[PDB]
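J.: Got an experimental structure here, sequence first:
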Amino acid sequence: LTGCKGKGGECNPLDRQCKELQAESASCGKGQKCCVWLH
């Protein structure tokens, strides 16, 4: 469903094994994206 938690989740590198967004990757800025921890 959701690729973050609320305040922003956690910022990770683009070359990572976790979820990704376009609207919330801007919270991390330019060069990172938002990820999750659930399965």
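T.: Arrived safely. Numbers count the residues shown, from 1 in each chain.

J.: Pretty sure residue 27 sits against residue 35.
T.: No - Residue 27 is beyond contact range of residue 35, at 11.7 Å (criterion: CB atoms under 8 Å). To be clear about C-beta, it is placed using only N, CA and C from the backbone, and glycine gets the same treatment.

J.: any residues in contact with both of the two?
T.: Listed contacts common to residue 27 and residue 35 are residue 11; contacts here mean CB atoms under 8 Å, 6 or more residues apart in numbering.

J.: okay, these two: which has more neighbours?
T.: residue 35 (21 against 15; other CB atoms under 10 Å).

J.: For the more buried one, give the beta-bridge partners.
T.: Going by DSSP bridges, residue 35 is paired in beta bridges with residue 10.

J.: For the chain, just list every one of the helices.
T.: 25-28 (DSSP state H).

J.: Contact partners for the residue nearest the centre of it?
T.: With the centre of the chain defined as its mean C-alpha position, the nearest residue by CA atoms, centre = their mean is residue 34, 0.7 Å away. With contacts taken as CB under 8 Å, 6+ apart, residue 34 has the following neighbours: 3-4, 8-12, 19-21, 24-25, 27-28.
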